[PDB]
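The primary structure of each chain is shown beneath.
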Amino acid sequence: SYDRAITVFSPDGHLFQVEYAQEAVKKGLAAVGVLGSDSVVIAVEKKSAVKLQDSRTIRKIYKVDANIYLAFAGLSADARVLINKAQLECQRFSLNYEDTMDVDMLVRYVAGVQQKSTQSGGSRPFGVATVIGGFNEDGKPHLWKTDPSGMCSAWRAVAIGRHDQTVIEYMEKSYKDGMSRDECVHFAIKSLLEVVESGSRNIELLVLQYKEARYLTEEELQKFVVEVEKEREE
Amino acid sequence: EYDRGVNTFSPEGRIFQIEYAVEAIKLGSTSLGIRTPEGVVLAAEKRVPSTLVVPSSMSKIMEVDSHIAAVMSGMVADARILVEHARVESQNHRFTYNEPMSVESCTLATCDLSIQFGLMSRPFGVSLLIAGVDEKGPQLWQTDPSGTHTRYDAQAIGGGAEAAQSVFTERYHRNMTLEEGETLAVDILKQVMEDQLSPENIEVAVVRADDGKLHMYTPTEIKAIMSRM
Amino acid sequence: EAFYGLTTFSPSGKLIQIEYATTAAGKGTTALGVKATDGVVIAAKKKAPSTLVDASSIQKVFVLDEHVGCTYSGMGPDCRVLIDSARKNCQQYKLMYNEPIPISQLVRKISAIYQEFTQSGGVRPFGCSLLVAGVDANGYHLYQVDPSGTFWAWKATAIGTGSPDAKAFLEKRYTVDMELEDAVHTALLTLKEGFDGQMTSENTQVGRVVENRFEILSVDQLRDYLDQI
Amino acid sequence: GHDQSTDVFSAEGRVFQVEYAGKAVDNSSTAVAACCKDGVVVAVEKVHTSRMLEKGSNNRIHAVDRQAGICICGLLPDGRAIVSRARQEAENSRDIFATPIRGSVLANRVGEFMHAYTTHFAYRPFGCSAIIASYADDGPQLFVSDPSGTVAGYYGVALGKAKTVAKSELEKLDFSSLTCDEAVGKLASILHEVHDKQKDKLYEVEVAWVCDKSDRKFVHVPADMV
Amino acid sequence: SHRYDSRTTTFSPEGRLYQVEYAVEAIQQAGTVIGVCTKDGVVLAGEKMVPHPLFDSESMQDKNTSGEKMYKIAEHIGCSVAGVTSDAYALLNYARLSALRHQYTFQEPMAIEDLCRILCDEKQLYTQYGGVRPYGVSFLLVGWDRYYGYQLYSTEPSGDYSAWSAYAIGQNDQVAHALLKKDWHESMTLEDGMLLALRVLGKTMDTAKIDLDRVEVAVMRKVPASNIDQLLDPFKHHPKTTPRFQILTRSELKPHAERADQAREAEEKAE
Amino acid sequence: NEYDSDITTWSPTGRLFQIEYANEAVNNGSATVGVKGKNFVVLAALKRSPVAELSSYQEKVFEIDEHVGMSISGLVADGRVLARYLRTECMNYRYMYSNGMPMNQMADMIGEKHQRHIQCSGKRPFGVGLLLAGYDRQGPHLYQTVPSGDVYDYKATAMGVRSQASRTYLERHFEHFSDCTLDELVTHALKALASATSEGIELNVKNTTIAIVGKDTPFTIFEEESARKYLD
Amino acid sequence: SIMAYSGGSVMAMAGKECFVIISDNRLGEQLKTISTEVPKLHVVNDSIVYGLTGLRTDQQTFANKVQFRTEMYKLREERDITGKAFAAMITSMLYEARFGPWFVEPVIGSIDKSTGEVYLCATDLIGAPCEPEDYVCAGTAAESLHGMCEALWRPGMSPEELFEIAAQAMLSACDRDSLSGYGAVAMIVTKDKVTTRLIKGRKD
Amino acid sequence: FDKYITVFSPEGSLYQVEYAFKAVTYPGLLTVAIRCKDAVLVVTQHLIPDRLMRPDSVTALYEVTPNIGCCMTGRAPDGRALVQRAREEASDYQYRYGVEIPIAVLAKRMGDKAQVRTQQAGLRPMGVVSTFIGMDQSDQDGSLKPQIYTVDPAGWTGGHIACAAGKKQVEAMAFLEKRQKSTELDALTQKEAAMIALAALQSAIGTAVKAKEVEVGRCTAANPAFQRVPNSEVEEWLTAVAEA
């Protein structure tokens, strides 16, 4: 088997392959997560809406288990692999422990797969950050992020992809605890529009409440984009 | 950077990837450890990247077992791996010998995973401090990416380490109380941190000699330390 | 023990090792094939380095199974690899289906081996092209396989050195009506075009697919065809 | 870039990494050996760096079987690797074939083993020449396997830094007539002449033989004959 | 040997994977393929290479299983490839087995999007593990399943894939996209899609008329089911219609190509 | 230097730079001395000396079986690997033959282990020097080993930093060691070990280990009670 | 016996440019009948039909393996497998499992579409073929079916004559086998035409 | 980059294989083989400059099996290794088929072995030309015909009537071509053949050879086993060359 060492320290302490995976995640589409009282909101940029892509709904927020949902930024195909692994892990877990996987457990599994790939000979890192959101089987909502180094962290709100840090600086200023469902969706839409152009056909947005996951219809979303783009003039 | 393979010695007799992994530990958040006869203290700069982070989630101090704690500096994800192995090893020891693993035996078994690179592409970019209490009383060790453990009485790792080894040289005596230790810990962090030291910005834990159990200071109890200074 | 790939894409999108293998495979001597309504003929120059080579021992045309034959251009020993594998495949197929492998399936199997050596680690591609000629339930066939692993059914073609000119001369003389006596005559005439020196039943080899079988002409049988050109 | 791996020919069909390992052998301490009608004697100059070694340290002469031995010239550790392989061959001959390994066979095996490490990008050639001294059923035999794995039989042989001189001195001996007794004297004497004193201040001369007097057992010679 | 490793699965400094970027360059050199997803079927129209007069047919007995550009993966799944042809055949064989393993296990047709994920997982692998070069191939898959109806995906060498209503891979894909943008709509018949597929294909390869010699067309559509053998499993339900991948003979395609000359003559009158 | 990056590469002068570089690892470890009397072998190793009130153990010296043990210098983690190896080989041997593994055989082994790591790609030399001291039927032994795989049988030796001076010292006195008593062997070791201290540091119980092994004396690292006796 | 557990019998016979293959319909666990609507025939293509007998789970498994193989064949090869290949293939598959066999006993009928040459082949469970010119058969009622086919079968029968003696034989024999019955399904296969018929039988 | 690994150059050539051919001539030894009506001979130089080296110990002739000899020309230890592999091949073949391996098959298998080293990276091609000689039974009459098969570092295998490899392989060949326009070489006698071989060796190396500077191997229809020809008889041929 090919087991050359791909990820290695350079002189000044850095792991270039991991810095470059992270560069691939800064080129990816933005995604944003917001945590309210009883809701997690995951919102992602879509690439645009060319008249050619299938008008059948393709989700860019992925379901990992009943209770857990994952957005990503970076290489689509890497992401798809991570997600399949995550999906398969949550089932392995149900199957071993009967209980459903806590979100944090799922996140740690994923981050470990990411970390593992910065240290496995033969492989480059996944060039993927993830936002992961969901509720445990105790009504507590969570929101996490993984980066390609394999580091995860829980957040009250978060952004990944292009201009992540512009968006995170924005959100630090505004964000309050104990938002409502509707204030969450607002806050997420607001935050995304810091970097996305229109709010028309280039935002998918998912709302997670204990035991109920629901994507905004393109209509429900547009009442929120007007309600928000009208608040950006001021 | 792939010019030299990873098992290569420099002309000074150092393995290059090890020296580089060490360089990565100087980019890390400062962590530190203080042996006292009443117990050990670990303290870490959390160094969060945002107020939006939930600080419990960026846990630079980790229960290895009821009586052992570790605190990393460097690449956190790499540290999660080592601590998982320590946890497994400490628990295999209880399983097999029905008693708590010594702290040294634990540190060894965590270095036993760091030798392995050619297997692991590269070394872990992580230094631990591993405080604990066993039969020989409170103890503090340091792992390096070399795989070389080293018992210490006080230590720092991270960007702080040089400024914090100044302060230990002056203020650390082999005979301080657990509260004078807590205090010296938090002092050092105040001095070397980038940010303003607040009760959420840091993480403090102790393993007390008397019960031999590890307590993680809540933000409250860390204020109770900042109080007296 | 080398597992990295040797054939890789280049900034224009080309797989250069495969272009070079293709260059190598057109540096052989001329081989060519002519399909006809009732058979196929393949024919090669055996340009022996010296007269002291036992020309009986040089094989440029090969049986792969009763019904199918090949010849090749470019690097002999690389081709010997392909032929060995193709012979095995013919036989594996008979063992399974108790019928002869159809030429289409055989060539796809060859094509696949070529492709593996364009991607698998450690190996360079094959520097030879094949003609494969045979007869199955779909009739007579003649295929060219290149080192890319690409293959083409042809009605007539030529690989190796004099090949552009040999192809040009087959374009003229080829007719869809052609019977096999005329095909052989044409094949041998086409070789003779770019042949430095007399053609003999020593320095040429010829294979024909006729009825339901492939056979390499004897020197006796080939001498009767070379007395009529 | 023609010379970094032994898996590579230069444009003149040389393999440089083997020539280079060769130089390791030539910059090493000198050995000589003589194959008489009654046995083989091999001697070698051990150069110490310290005044405080034990006598016996860094033996370069190893028995490989009852009737055979290998004197290493060049990097001693690499040689102990060969010695281990020779011993495995000797054991195999006894275990499977129930015969002591003939010396030509042993030296061929040694050569094959050394050569193998000149073919593959992942290993390097050995930096040592083995002198093999046997006295099995094929009679007294003296071979040398060099780092290329090339093996040759000799009546007498000299390796290492003084090899060119030591060969001139070995040519003065009459191999048809010479006996193992005389040879221990001569071969040792030779290593004292060609030893350079202002470079390598500390040295013993280790000698070993396999001969009719030693019951065809390969042994260091008693330090009375030297 | 490690000095000579070209490090195919490494990132470059902008998080780019060069071997995958250059596989894509290899694909933009290939024969164009157009796909148009209607509601009466899916159409693939591809540029064959120029037909030397000495090419033969393989004389295969089943005319619809493969052509030069178009291959059947299963009764319900077809594809067309652009890029390194031999890589295609490696993958195509993989896709065939996968679809049939799915059918082994579940005894129902594999859905198009799962076949597609399987395929692109196999490609993604080579961009991450293994130190060899990627597959230098792009599919257009088509087919029909009960979940989503007619579908048309396209894959890339990275292993990403996307669903489309119409799309193009190969030579002048940017140009062909722009032209499908303008002329695709949601309510096309099969004949309309076949037209659109040819108008675009003929517009990208710069021909006055469509050159029947240089064009292959395949269609994936549902047709009445013939071999309902119902006494043989009584409980099994057999749908009235079943998907069929069809490659058009030169004659079946002649009408549709004339009818696309006529809508290229009637678009040079307005000018 | 085009030739110093790989253990599988000879240089054109017939050198193996990765092995000369591994040697540097050893020349830069903390000094250690050993000496060999008639019946005993003494190892003494400099440790690292307190940074004010602020200590620091590292295990330099290792017991390996009852009758042998060792002192390392250089890359401590390689030490541990070698220690684990020797320990294990000594237990296998003692399991099989119910007696200690003889030292000349153990030195043969430790040297073969090293050689296994200087000939193939992606292995590397051990960057550690050993003094191995032990006692068997043939009496006491003291071996130094080095990354190159060489094993020297010494009467006395030192290695590590500034250990050239330790070797100057030992060269004056070493011819007597066969007659010395255990206390004078230890004195001689300590003296030599001290010729290797930096400027105005001196030997004391917390920057110096002593191990002895010998006749009717299993290999014994000395702790703070027994060490004090010898260090004054 | 494991080969008898699930019950069922199959039989194929040749005529002039035609064959009939016929199965009974029962599926059991020993004497428990589970279903009376389980014909054991599979159609590979217009010219090949086969039946399996033996342990029903293995009939199912193996038939599915055969359908993978045959569909794969047809894609790779771009033609229909022929009965000789088909039977060779089967034999191969069964023999792979020689040391842990599929408890099935296939019975294959086929007709070359051109010629009209008819090929029957039955195999034991490890894939020894039996390629007679008349009729082959297998399953629980196999002794009795040989009885009947010997008696009734003659060379050069036409589809209809051949159907009648196939059916009488399958029924007469199944009426003497506890594990086979509930009438039969029969496929008559010519060059031009396939005709399936469900035949009425006893309900015991 | 292509000069050091087994990939193709832009001209479509494998440098490391070409250079392996230079390894064949580098030693400076020439070999010649020749078949006559009922025998085959191989003659190779056997140069012992070192007075102290033991001539009988160094050889380029090797029994592969009792009925197949070979002469390796080139990098000696690489030759020795191919011989081992040949031997293994021959022995595995006898075990599998119950018969001694025909020499054209053995050659072919050794060509396969070499070819592999030219297509799999990081294995050095063996820098030798292998020359197997032996007799070979015909299926018609059962008569033994003599054979010479070479294998070269590219894996190119060939049968020959006569063949030379090594230093001056060109001037040796030129001489034999020239002597093949006169006579028919497969109608010669073991003597007339050996004379031609020895004369070709002498022509090429520009010197007269003595018996002990060559070593000659032979198989004959009468005695098919491969045997070192004794010096007495080589002396007599060398005498027969200097005269006529």
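Residues numbered from 1 in each chain as written, not as in the entry; some residues may be left out. Chains lettered and ligands numbered in written order. Part of a larger assembly, values for the part shown. Heavy atoms only, no water.

- As stated in the entry header, the method of structure determination is cryo-EM and the reported resolution is 2.59 Å.

- Under the PDB entry, the name given to chain G is Proteasome subunit beta, and the organism recorded is Leishmania tarentolae.
- In its Subunit (unreviewed entry) section, the UniProt record describing chain G reads: "Component of the proteasome complex." (UniProt positions renumbered as here; feature names shortened; annotations may be inferred.)

- The name given to chain B in the PDB entry is Proteasome alpha 5 subunit, putative, with the source organism recorded as Leishmania tarentolae.

**Here we look at the packing of aromatic side chains**
Item 1. Summed over the entire model, instances satisfying the criterion amount to 36 aromatic pairs over all chains.
Item 2. Positioned above the aromatic ring of E:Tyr147, the side-chain terminus of E:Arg146 is 5.4 Å from the ring centre.
Item 3. Taking the ring centre of F:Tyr230 as reference, the NZ or CZ of F:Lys229 above it sits at 5.0 Å. (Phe/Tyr/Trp six-rings, centres within 6.5 Å; stacked < 30°, edge-to-face > 60°. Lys NZ or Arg CZ within 6 Å of the ring centre and 35° of its normal.)

**Quick notes on the sheet that holds strand β9 (residues 203-211) of chain D**
Residue and element names in this part refer to chain D.
Item 1. Read from one edge of the open sheet, five strands run β8-β1-β2-β9-β10, paired in antiparallel fashion. Whereas interior strands pair on both sides, the edge strands pair on one side only; in this sheet they are β8 (156-159) and β10 (218-220). The mean angle between the axes of side-by-side strands here comes to 15 degrees, regardless of whether they run parallel or antiparallel.
Item 2. Most of the contacts of helix α4 (residues 163-171) go to β8, to which it runs at about 160 degrees, and overall it touches β1 (31-35) and β8. (Pairing = 2+ DSSP bridges. Helix = DSSP H or I, 4+ residues; strand = E, 2+ residues; numbered from the N terminus. Axes fitted to C-alpha atoms, helices over the stretch in contact; angles between N-to-C directions. Contact = heavy atoms within 4.5 Å.)

**Thoughts on the environment of E:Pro13**
Item 1. Structurally, E:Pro13 can be placed in the segment before α1 (18-27).
Item 2. Those residues in contact with E:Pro13, other than ones at most four positions away along the chain, are A:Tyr20 and A:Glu23.

**Details of helix α3 (residues 103-117) of chain H**
Item 1. Taking 1.5 Å per residue as the helical rise, α3(H) with its 15 residues ought to reach 21 Å, and the 21 Å between its terminal C-alpha atoms agrees with that figure.
Item 2. Here α3(H) has its buried residues at H:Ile103, H:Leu106, H:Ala107, H:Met110, H:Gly111, H:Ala114, H:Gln115 and H:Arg117. (Expected span 1.5 Å × (residues − 1). Buried < 20%, exposed > 50% of the residue type's maximum accessible area, 1.4 Å probe, protein only.)

**Some points on the arrangement of the chains**
Item 1. Across the gap from chain B to chain D, with no contact made, the nearest C-alpha atoms are 13 Å apart.
Item 2. The least C-alpha distance between chain A and chain H, which are not in contact, is 14 Å.

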